[PDB]
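Undergrad: Next input, structure requested:
(chains A, B, C and D)
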Amino acid sequence: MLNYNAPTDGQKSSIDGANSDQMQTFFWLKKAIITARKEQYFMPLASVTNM
Amino acid sequence: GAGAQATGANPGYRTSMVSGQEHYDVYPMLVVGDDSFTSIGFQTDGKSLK
Amino acid sequence: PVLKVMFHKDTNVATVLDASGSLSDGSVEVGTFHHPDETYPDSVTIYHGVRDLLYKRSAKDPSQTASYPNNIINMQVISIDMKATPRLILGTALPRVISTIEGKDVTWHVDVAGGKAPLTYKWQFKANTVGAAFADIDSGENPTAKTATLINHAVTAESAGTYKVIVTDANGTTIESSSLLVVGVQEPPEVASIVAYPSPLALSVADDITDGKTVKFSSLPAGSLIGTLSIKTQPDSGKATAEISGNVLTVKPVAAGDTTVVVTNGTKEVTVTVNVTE
Amino acid sequence: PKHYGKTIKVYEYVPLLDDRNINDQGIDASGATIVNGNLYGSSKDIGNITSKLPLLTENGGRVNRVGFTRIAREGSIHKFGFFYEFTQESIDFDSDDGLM
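TA: Numbers count the residues shown, from 1 in each chain, chains lettered A, B, ... in the order given. Shown next is the structure:
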C-alpha cells in the first residue's frame, strides 16, 4: 500500500500531484571525506646552503 | 617505455605502450650517500623551501 | 505481465497462472491483474491482487458477484498456489558512473534472476554528441556483446557515452539497466628525443648487397606524437643508399663500408650506425 | 531523522593531482588553454612530470591554473519481517507446558 512509492528513481507518491514533487528526499551528513597528505622521504636528507 | 620492445613472449613484467608498440619499464632503485648533494636556499631563513 | 487467477470452491485453493495457461481441475476464472503494478511496482505483491480480485466475487457461487456481506473476504483459509513464471528482478545493477583514463580496459557486469530460461542479453551504446540515439554494439566484432559481461580494450575519447544492457526472457519480458562512462584526456607530453630500434647499432649486416635493412623509430616520452620523419643523405652514398617511406627506413648497402645516417622530424635527430661487411 | 526519505548522501573532495580531477580550468605555462586542469594525474612517469611542470617566468601573469572537483555517494534502507500462528487447543492440550 506504498502510496509513498519512491520519489527518487522517478516514481511519484500518491499525495503529490503530477507537477509537484517532494521537497526533501534525502539526508546530508555535512561531514566530508578527505585524504591525507602524501609523506616525503627525500626532503629530510637535503642540507641547506645559504644563497 | 625506456626498455626494449615486448613481444608475446612476455613472462609477466610491466610494459607501457609507446608509439603503438609495447616497451618495458625501468625502475630506479636508488642509493643516496652522505654529503652527496646540498640545497640552495634563496631568502629561505634556513629551510629548504619557503 | 498479465496473470490469470482461478478459484476452486471445495478446497479453497486459488491458482495464479499465466494468461495463456488453463486449468481443468474444475475451478472458475475470477479475474486478471498485472503482477508488476503499473503505478506502484514495488508496493503490492500477488497476495494483494488476489485479495482485491476475490473481494468482488460471491461466497455461494464464485461465478457471480456480490456486495460486501456476501464476498470472499477471509484470506486465512484460502491458499495461493503459484504456477506462473517468477518475475524478473535485477540482482546486480551497473554502476551509475564510471571514470577512467585513455588506454585502459573497462568491464561491465550485470546479474539477472528469475524469469523463464534461457535469457538473452543485448548491449547498446549512445554517443555523447547531440542528437544521438541508442545503437546496437556489433556482436560479431565484439563477442562479449552477446553475453552478460562486456569488455572494452584501450578505450579512447570516442568511447565516452551511455551504455545500456537489455535482458529478454523466453516469454518476451524485458528488463534493462544503464551506465555512464567518463574518459579523461591529457595533452601529449611533447617529443623529447627519438630512438632507433632493430637496431641502434650496425642495423642488420648482410654481405649480399641486394639485402635491405629495416629500421623503426620511436619517441621516448610515452604518448608523444612523432611527426613525419625525414632523412639527410650523408657523405658516402657509394657505400650505401638510404630511402625512407613513412616511419620505416630502408637502407641498401652498395659497398662494404661503414656509414652513419641522421633521421630528423624537424626538431630532433637520430644518429644510427650502419655497418657493412663484405 | 524522520521525514527525510530513505537516502543518505555525502561529499568526497578529490585532491588536486588525481586522475579523477576532470575540468576545463587548465592553462599551460605557454599561456594557452589546455584540456586537463590538474598538472599531471597519478602518473609516476618522469617524462610527463618534466613536460608538465609549473614553470614561472621572471615577469609572469596568467600562466598556470588549476581546478577542483567533488564526488557524492549514497545509501538506502530496507524493511524485513516474518510471523507465525497457533491455536488455543494446541497450547491447551499439549503435553509440554511452556511451549510458547
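Undergrad: what number of residues lie near the spatially closest residue to residue D:63 that is not a sequence neighbour?
TA: Excluding the flanking residues, the one nearest residue D:63 by CB to CB, 6 or more residues apart in numbering or on different chains is residue D:29, at 5.3 Å. For every residue, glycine as well, the C-beta is placed using N, CA and C. Other residues within reach of residue D:29, judged by other CB atoms under 10 Å in any protein chain shown, total 15.
Undergrad: and what of residue B:8?
TA: Counted with other CB under 10 Å, residue B:8 comes out at 5.
Undergrad: any idea which helix or strand carries it?
TA: If you go by DSSP states H and E, residue B:8 is not part of any helix or strand.
Undergrad: and the residue of chain D found nearest chain C, how far is that from residue B:25?
TA: Taking CB to the nearest CB, chain C has its nearest neighbour within chain D at residue D:47, 3.8 Å off. To residue B:25, residue D:47 is 12 Å away according to CB to CB, to the nearest Å.
Undergrad: Relative to its centre, which residue of chain B is most distant?
TA: residue B:45 (31.1 Å; CA atoms, centre = their mean).
Undergrad: how about it, phi and psi?
TA: The phi/psi pair for residue B:45 (degrees, to the nearest 10) reads phi 60, psi 40.
Undergrad: List, one by one, the residues from the stretch 1-150 of chain C near chain A.
TA: Counting by CB under 8 Å from any CB of the partner chain, the stretch 1-150 of chain C comes close to chain A at C:39-44, C:48.
Undergrad: Tabulate the residues you listed (CSV), appending neighbour count, secondary structure and distance to chain B.
TA: Shown next, in CSV, are the residues of the stretch 1-150 of chain C next to chain A (neighbours: other CB atoms under 10 Å in any protein chain shown; DSSP: H, G, I helix; E, B strand; the rest coil; distance: CB to the nearest CB, whole Å):
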residue, neighbour count, secondary structure, distance to chain B
C:39, 11, coil, 53
C:40, 18, coil, 53
C:41, 16, coil, 47
C:42, 12, coil, 47
C:43, 16, coil, 53
C:44, 18, coil, 55
C:48, 14, helix, 58
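Undergrad: So which of those residues is the closest to chain A?
TA: The closest of those to chain A turns out to be residue C:43 (CB to the nearest CB; 3.4 Å).
Undergrad: Check the gap between that closest one and residue D:11 for me.
TA: From residue C:43 to residue D:11 the distance is 32 Å (CB to CB).
Undergrad: Check residue C:52 too.
TA: For residue C:52, the distance to residue D:11 - CB to CB - is 45 Å.
Undergrad: So which of these two has more stuff around it?
TA: Using other CB under 10 Å as the criterion, residue C:52 and residue D:11 rank with residue D:11 on top: 15 against 12.
Undergrad: pretty sure the more buried one is touching residue D:72, no?
TA: Yes: using CB atoms under 8 Å, residue D:11 is in contact with residue D:72, at 5.8 Å.
Undergrad: Near chain B, which residues of chain A are found?
TA: Selection of chain A residues close to chain B by CB under 8 Å from any CB yields A:42-43, A:45-51.
Undergrad: Could you single out the nearest of these to chain C?
TA: Nearest to chain C among the residues of chain A next to chain B, with distances taken as CB to the nearest CB, is residue A:42, at 23.4 Å.
Undergrad: From residue B:34, how far out is the residue nearest to the spatial centre of chain B?
TA: The centroid of chain B falls nearest to residue B:28 when counting by CA atoms, centre = their mean (5.1 Å). Distance of residue B:28 to residue B:34, given as CB to CB: 19 Å.
Undergrad: Relative to residue B:37, how far out is the residue farthest from the centre of chain B?
TA: Residue B:45 is 21 Å from residue B:37, by CB to CB.
Undergrad: can you give me the strands in chain D?
TA: Using DSSP state E, the strands found in chain D span residues D:7-13, D:70-76.
Undergrad: cool, and the stretch 101-250 of chain C?
TA: For the stretch 101-250 of chain C, applying DSSP state E, counting those that start in this stretch gives strands covering C:106-108, C:111-113, C:120-127, C:135-136, C:150-152, C:161-168, C:174-184, C:194-197, C:213-219, C:230-232, C:241-245, C:248-252.
Undergrad: export those strands to a markdown table and tack on mean neighbour count and distance to residue C:263?
TA: Below are the strands of the stretch 101-250 of chain C laid out as a markdown table (neighbours: other CB atoms under 10 Å in any protein chain shown; distance: least, CB to CB, whole Å):
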| stretch | mean neighbour count | distance to residue C:263 |
| --- | --- | --- |
| strand C:106-108 | 15 | 38 |
| strand C:111-113 | 14 | 55 |
| strand C:120-127 | 16 | 40 |
| strand C:135-136 | 10 | 44 |
| strand C:150-152 | 18 | 36 |
| strand C:161-168 | 18 | 40 |
| strand C:174-184 | 17 | 34 |
| strand C:194-197 | 18 | 8 |
| strand C:213-219 | 20 | 7 |
| strand C:230-232 | 13 | 5 |
| strand C:241-245 | 15 | 7 |
| strand C:248-252 | 16 | 6 |
